[PDB]
Amino acid sequence: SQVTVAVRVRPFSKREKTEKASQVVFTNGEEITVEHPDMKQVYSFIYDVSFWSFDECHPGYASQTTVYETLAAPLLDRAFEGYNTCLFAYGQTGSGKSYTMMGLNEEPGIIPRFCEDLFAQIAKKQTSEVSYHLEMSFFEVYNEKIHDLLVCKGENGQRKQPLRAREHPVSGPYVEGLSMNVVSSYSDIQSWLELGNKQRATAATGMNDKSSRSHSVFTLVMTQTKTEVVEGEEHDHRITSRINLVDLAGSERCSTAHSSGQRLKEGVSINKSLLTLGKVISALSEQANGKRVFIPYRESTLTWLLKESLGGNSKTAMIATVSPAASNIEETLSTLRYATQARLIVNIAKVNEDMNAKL
Amino acid sequence: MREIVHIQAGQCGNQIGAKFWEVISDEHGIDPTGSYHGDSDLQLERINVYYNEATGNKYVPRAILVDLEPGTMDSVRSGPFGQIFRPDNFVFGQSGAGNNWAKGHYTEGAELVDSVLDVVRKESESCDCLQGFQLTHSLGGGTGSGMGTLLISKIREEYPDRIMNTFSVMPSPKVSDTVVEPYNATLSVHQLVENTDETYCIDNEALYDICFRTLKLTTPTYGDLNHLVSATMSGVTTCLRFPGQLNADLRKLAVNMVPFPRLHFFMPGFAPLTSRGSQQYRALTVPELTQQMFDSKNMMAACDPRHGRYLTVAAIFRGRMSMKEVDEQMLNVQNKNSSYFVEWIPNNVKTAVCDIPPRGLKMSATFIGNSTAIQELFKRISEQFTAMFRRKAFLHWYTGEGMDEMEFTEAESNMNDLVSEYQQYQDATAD
Amino acid sequence: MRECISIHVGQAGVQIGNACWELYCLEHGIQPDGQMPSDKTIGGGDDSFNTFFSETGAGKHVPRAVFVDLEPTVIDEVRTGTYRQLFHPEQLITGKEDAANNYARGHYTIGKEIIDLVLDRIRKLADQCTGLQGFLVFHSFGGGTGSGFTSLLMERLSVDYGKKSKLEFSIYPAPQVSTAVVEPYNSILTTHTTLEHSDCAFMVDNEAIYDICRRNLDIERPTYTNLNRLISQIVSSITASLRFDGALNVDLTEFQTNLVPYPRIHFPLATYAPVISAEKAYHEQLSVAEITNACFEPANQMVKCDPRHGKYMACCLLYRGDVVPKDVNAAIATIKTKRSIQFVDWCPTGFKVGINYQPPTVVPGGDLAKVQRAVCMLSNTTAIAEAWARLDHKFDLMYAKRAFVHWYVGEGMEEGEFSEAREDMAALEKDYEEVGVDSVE
Ligand SMILES: CC(=O)O[C@H]1C(=O)[C@@]2(C)[C@H]([C@H](OC(=O)c3ccccc3)[C@]3(O)C[C@H](OC(=O)[C@H](O)[C@@H](NC(=O)c4ccccc4)c4ccccc4)C(C)=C1C3(C)C)[C@]1(OC(C)=O)CO[C@@H]1C[C@@H]2O
Ligand SMILES: Nc1nc2c(ncn2[C@@H]2O[C@H](COP(=O)(O)OP(=O)(O)OP(=O)(O)O)[C@@H](O)[C@H]2O)c(=O)[nH]1
Ligand SMILES: Nc1nc2c(ncn2[C@@H]2O[C@H](COP(=O)(O)OP(=O)(O)O)[C@@H](O)[C@H]2O)c(=O)[nH]1
Ligand SMILES: Nc1ncnc2c1ncn2[C@@H]1O[C@H](COP(=O)(O)OP(=O)(O)O)[C@@H](O)[C@H]1O
Ligand SMILES: [Mg+2]
């Protein structure tokens, strides 16, 4: 019942430092301030958490392990309590995103620490009496069509199989005909992700030869089989849990780069999904404030396939990867203005009527 | 040039089509043969918005008639104005639906739909530009619901940037003309709110009361009700068809009237409706029409809006008039009746004017509203629905043609979620 | 010679042009077929005044104006109305679809593919002038065409031509009245862009003209033409300094130099004092004092904004007819002597006067009346911020729920643009609040 928004301001690249563009993103500790190079207007931003990675010697450094121990481990702890969990990710191409979720071989990200602590606590908590099972699915969303990233298509060309969403009455919604493979060791997970990302939809526009035009969901599902009756072998209460980590595409604005084609039709749906997702997050944050409010989930696909993982006794989180430079300032604020959606205590009024607590 | 296609399904849509063309032909000056007998040159400048052309200036229409039983078609063809429609468009089959939604969406309708698509692509590609399509069906039977919704889905999957505007005769509270109305209507609403840009709900009991109280008729047959529906269809799209002072289009209505994509179910209405012996004792002016429009016993929605709040309003006027009276009277509506409107939008009203009125009236007006009250319809159907699903009354006629008990639940949950979505913007909450 | 290119965008601009060119062709003795019986009678003279018209060899004249709507319901009236033989046939019915009242259709999906023709035709108009340039863009807020296409055209003309005065005789939304409910968003996103490329954009509001036409003209059931002829008289009173002769001339540059102190506050108001009918045309002296006291009088301003809530940063005054400048000096002395007409500490001069020699004309079938002198005032204040504030309130009440945005991203826009425009709009509201402060050592 939370949003737990967060940012991450990367350090300069090598090309940027040789070209020597300006630093503009600063920090007043936790609160952030940014200063347009025209000396004209300053913009302020507050979040529940702020990660700084620009220069090492500054206190409050935000390493990869800091990211894990501050964001991810609570999701795992609440998964073990029998609830579900979701995590988001936002960033335009170049804002240091894939280095954050996946990481590198010598510099891990968030995914591997998550999965390895998963296996560790499995091998710890597990007994001869109790067990743990774990399955995976990994799919994508392109023009609001669902596609499965965990398969190889025929020798034909673009004959991608579009699947269908269906609402179960009890277990909640799901996708029809989705591969649900089994895993026990990280060597399987890396293999599956490598089959995945190479099938994801990518194109070349004015920003880079390699960008992302589709959302990508990575779902794990876990089962506690602590079901052992005293009289004999009989099962009482399995517990299912749904862990979810999604990489979202950027909200490219169609002005500097004329799209004139299918790329426009992708961008528009991508924009729509992001707007609806922010709208949902604001409503859930308000619901956490004790105020009953509607939670529009059927207005998009990525939410309708993730209803039960962002409501009730669930837990959520967001992370926003932005850039420090001035040559990527216009795409930078758009991220931060997209991640202001906590609105915890900002000028709430007060009216109350409560009496007759007596004879 | 803007161009529209009229799809026309069921035993209700085809009679409506006969009347609709019997009205638009008289507004554009066409005879049952095809020829032109008009009086003004404005009357064919934009005839292509609904019609096509021919060899000897016969001005043939654009119409696609998608029944499954030939009865309505064979009643239309041997009729007053059923001699012009392109006989390659009298599409039909056999083995009618039988007031079953499964026999129009899954098994039989698929053995006819591809022909209809081949006709639609023909009637589209021969247009210079396109603005949208139309579809008149009922909800309560098989053909108009199933076949119409399948066509909606496939057409929107083909041409999604264009508009799809559906005029639907939804069921009534008291006297149903079918026993399986809730099931069909609910399974259709599961496929209309997702795949449509604007739907204008219509009911017959409201039309009966509008024909009894206002017009003081004694023997109202369906001709008079379809006459009203045609009068609405016609004044919804004058802005594309004739000049004006503040023109409009269907996209403007579908934009301004639809804050969020789901809540596009609208209450229609027409003015000046008066008795045949009582037009002596009235003044054809703007405020009287504005009074008659927002009145509840003139709306075709079977639903007093005074039970709820107005979200957004579209009033299309016709006649040589003044815009100051329009703006002032709409202001006084926005002001004197604030509790019937929404506050997080300041301006819950827009306008549109054509300076070329109908054939025999100085002025006229048409009304479209997006309210919270229309949930009372859906809230009824669901209460009608589940009582039958909880005991599975008429289920097997729907499972014997390729279904399960899950899709019904999907439709019910979607409709109930929409009810809650409408309720979210109704209760008078103060910050 | 001098020249002023007049552009019209949308329904508002096209109808305003239908009125403005009626008035213009009435002033220069022109006939609706382009010809002139006057030169047939004379055989010479510059009466075919070429600040707006262009000559040919057949005694014919063409206006130096194009108009476009992306909505062919309008232009076909001109092509089959009274004024089809006059205009060049190059009027852009490219309106295969309407702009749907969303900035995104006017600015990207249908804005693109219709502007290169407009640029080519503007270039063909400009290469036929060896002199001044000024783009008088008659456009509108609220709508998608007058917002989008306007913002794109001024943006491109900032590049292709640069140092040339670009003006706009806009139509500002009323705070209560309107005819559209996605109206404010378009206005904000228009201001955010055209705060840079423009030089001075005038403003009117139809609620004010309604009140002005019932209170003074005494007509209670008006159309839009009876509102537009007043704006046409405003435009004529402006441009007569270039068309006709007089004692003090005020070209297009002088407005942008004498009323635009800071660049980001180039948003003045306008008014026209004698709006009396033939009945009230008698019983009244119509001197310069009555006018100059009436131009600063609320309920005769063309925008609903009490100036007394703020101060007057600058003021231009453009007269027509039998005027003795002495009376103007006396009038301005009187206006300065009063105390309910404030002024900034940093502008004691304040006024820019311009005097012509011709009176106005009288359109037949009109409501205004034959008079011996007429006036226009163009004021730059600190008051209309309040009006903008109302817009920047309404936006918020609509934006906090992301209403009417799916129709905007559905044609290629981003959410952030709304936030960027609102943030930019806040930077202006402080400027109008900053200059009103009186300096202190
Ligand atoms: C005083 C006068 O002019 O005669 C009116 C008249 O008295 C009334 C009764 C007409 C009459 O309408 C009806 O008879 C009627 C009765 C019950 C239900 C529906 C219609 C009229 O028949 C209807 C007819 O109106 C039209 O013809 C419109 O063009 C209408 N089309 C048709 O009626 C039509 C004509 C031929 C074939 C099919 C239909 C229309 C509406 C919208 C857009 C285009 C056209 C007119 C002027 C009248 C009569 C003749 C009495 C009214 O018609 C409408 C729909 O507005 C009912 O109230 C209006 C105006 C009058 O009250
Ligand atoms: N003063 C004046 N205002 C007008 C006139 N015509 C239209 N308007 C204003 O224009 C506004 C709506 O115009 P628009 O939405 O721009 O219509 P349009 O000019 O065709 O532009 P689009 O609809 O986007 O294609 C209304 O609020 C009117 O007040 C006119 O003739 N005179
Ligand atoms: N308004 C109106 N409704 C009609 C007309 N004819 C039939 N209906 C309605 O249509 C419904 C019956 O559905 P039907 O047309 O038989 O469905 P179909 O068998 O699939 O074509 C009932 O609710 C009727 O009220 C008509 O002429 N006018
Ligand atoms: N905190 C960090 N530590 C080290 N390198 C970083 C950090 N943040 C970003 N980078 C660098 O930024 C680059 C981002 O690569 P790229 O794949 O373009 O990112 P994105 O996922 O945004 O497309 C990487 O080469 C990475 O080394
Ligand atoms: Mg328009």
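- The deposited coordinates, according to the entry record, derive from cryo-EM at 3.3 Å resolution.

### A closer look at the overall build of chain A
And step 1. The helix and strand inventory of chain A stands at eight helices and 13 strands.
And step 2. Here chain A has a C-alpha radius of gyration of 22 Å; the compact-globule value for 359 residues is 21 Å, and the two agree.
And step 3. The principal-axis extent of the C-alpha atoms belonging to chain A is close to 80 × 75 × 40 Å.
And step 4. Residues classed as buried in chain A amount to 46% of the 359 residues present.
And step 5. Here chain A has roughly 19700 Å² of accessible surface; of this, 51% comes from carbon and sulfur atoms.
And step 6. In chain A, the 39 positive side-chain charges and the 42 negative ones have mean positions that sit 7 Å from each other.

### So, the packing of aromatic side chains
Residues and elements named next belong to chain B.
And step 1. A full pass over the atoms with the stated rule returns 54 aromatic pairs over all chains.
And step 2. Relative to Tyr310, the ring of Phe294 lies with its centre 6.1 Å away and its plane at 85°, an arrangement referred to as edge-to-face. One end of the pair, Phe294, is in helix α10 (residues 286–294); the other, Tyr310, is in strand β9 (residues 310–318), and 16 residues separate them in sequence.
And step 3. Using a relative accessible area of 16% as the deciding quantity, one classes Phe294 as buried.
And step 4. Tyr310 sits in the buried class, given a relative accessible area of 5%.
And step 5. What links up through ring pairs into an aromatic cluster is the set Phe20, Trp21, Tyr50, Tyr51 and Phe85.

### Thoughts on the site of ligand 1
Residues and elements named next belong to chain B.
And step 1. Neighbouring ligand 1 are 19 residues; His227, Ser234, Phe270, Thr274 and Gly360 lie closest to it.
And step 2. Residue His227 places a side-chain N or O atom 3.1 Å away from an oxygen atom belonging to ligand 1.
And step 3. Here an oxygen atom of ligand 1 and a side-chain polar atom of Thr274 are 2.6 Å apart.
And step 4. In isolation ligand 1 offers 960 Å² of accessible surface; the protein chains occlude 75% of this area.
And step 5. Here the shell around ligand 1 takes five residues from helix α8 (residues 222–236), the largest share from any one element.
And step 6. Each residue belonging to the shell around ligand 1 can be placed in one class, and the counts come to nine nonpolar, four polar and six charged.
And step 7. The residues that make up the shell around ligand 1 include at least three from each of domain 1 (1–259) and domain 2 (260–373).

### So, the pattern of salt bridges
Residues and elements named next belong to chain A.
And step 1. This structure, assessed with the given rule, holds 55 salt bridges over all chains.
And step 2. A salt bridge links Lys226 to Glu129; the nearest nitrogen and oxygen atoms lie 3.3 Å apart. Taken together, the residues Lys226 in the loop between β11 (215–224) and β12 (239–247) and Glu129 in the loop between α4 (111–125) and β6 (132–142) connect sequence positions 97 residues apart.
And step 3. What makes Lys226 partly exposed here is its relative accessible area of 34%.

### Brief notes about the environment of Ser232 of chain C
Residue and element names in this part refer to chain C.
And step 1. Tracing the backbone shows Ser232 in helix α9 (residues 225–243).
And step 2. Given the relative accessible area of 2%, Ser232 is considered buried.
And step 3. Counting along the chain gives 188 residues from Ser232 to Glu420, while the straight-line C-alpha distance between them is 35 Å.
And step 4. Those residues within four positions of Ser232 in sequence are excluded, and the remaining contacts are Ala19, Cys20 and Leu23.

### Concerning the UniProt feature "binding site: ATP" in chain A
And step 1. The feature "binding site: ATP", as given by UniProt, occupies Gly91, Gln92, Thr93, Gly94, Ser95, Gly96, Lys97 and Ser98 of chain A in the numbering adopted here.
And step 2. Apart from the residues within four sequence positions on either side, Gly96 of chain A is in contact with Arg10 and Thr321 of chain A.

### Concerning helix α1 (residues 10–28) of chain B
Residues and elements named next belong to chain B.
And step 1. Between the first and last C-alpha of α1 there are 26 Å, a value that for 19 residues agrees with the 27 Å anticipated at 1.5 Å per step.
And step 2. The buried fraction of α1 amounts to 14 of the 19 residues, a majority that puts the element mostly inside the structure.
And step 3. Directly beyond the C-terminal end of α1, a positive phi value near 70° is found at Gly29.

### Overview of the domain arrangement of chain C
Residue and element names in this part refer to chain C.
And step 1. Assigned domains of chain C: these are domain 1 (1–268), domain 2 (269–383) and domain 3 (384–441).
And step 2. Look at where the C-alpha atoms of domain 1 and domain 2 centre, and you get two points 23 Å apart.
And step 3. Counting residues at the interface gives 41 residues for domain 1 and 41 residues for domain 2.
And step 4. Summed over both sides, the interface between domain 1 and domain 2 buries roughly 3800 Å², with carbon and sulfur atoms accounting for 66% of that surface.
And step 5. Our count for the domain 1 to domain 2 interface comes out at three salt bridges.

### Brief notes about the pairing of strand β6 (residues 198–202) of chain B
Residue and element names in this part refer to chain B.
And step 1. Most of β6 is tucked away: five of the five residues are buried.
And step 2. Of the strand pairs in this sheet, strand β5 (residues 163–169) and β6 are connected by five bridges, and their pairing is parallel. Across the sheet, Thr166 pairs through a bridge with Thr199, a residue of β6.
And step 3. For the crossover from β5 across helix α6 (residues 181–192) to β6, the handedness is right-handed.
And step 4. In terms of strand pairing, β6 meets strand β8 (residues 265–271) through two bridges, oriented parallel. Considered in β8, the bridge of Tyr200 is made with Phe266.

Procedures and definitions
- Residues numbered from 1 in each chain as written, not as in the entry; some residues may be left out.
- Chains lettered and ligands numbered in written order.
- Heavy atoms only, no water.
- Helix = DSSP H or I, 4+ residues; strand = E, 2+ residues; numbered from the N terminus.
- Rg over C-alpha atoms; globule rule 2.2 N^0.38 Å.
- Buried < 20%, exposed > 50% of the residue type's maximum accessible area, 1.4 Å probe, protein only.
- Areas by Shrake-Rupley, 256 points an atom, 1.4 Å probe, with all protein chains shown as cover.
- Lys, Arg positive; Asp, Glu negative; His and termini not counted.
- Charge placed at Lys NZ, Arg CZ, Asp CG, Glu CD.
- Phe/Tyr/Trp six-rings, centres within 6.5 Å; stacked < 30°, edge-to-face > 60°.
- Near = heavy atom within 4 Å.
- Polar contact = N/O pair within 3.5 Å; in protein donor to acceptor, adjacent residues only side chain to side chain.
- Nonpolar A, V, L, I, M, F, W, Y, C, P; charged D, E, K, R; others polar.
- Domains from an automatic or database assignment.
- Salt bridge = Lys/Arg side-chain N within 4 Å of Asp/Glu carboxyl O.
- Contact = heavy atoms within 4.5 Å.
- UniProt positions renumbered as here; feature names shortened; annotations may be inferred.
- Expected span 1.5 Å × (residues − 1).
- Buried area = accessible area lost by both parts, 1.4 Å probe.
- Pairing = 2+ DSSP bridges.
- Right-handed = clockwise from strand over helix to strand, strands pointing away.

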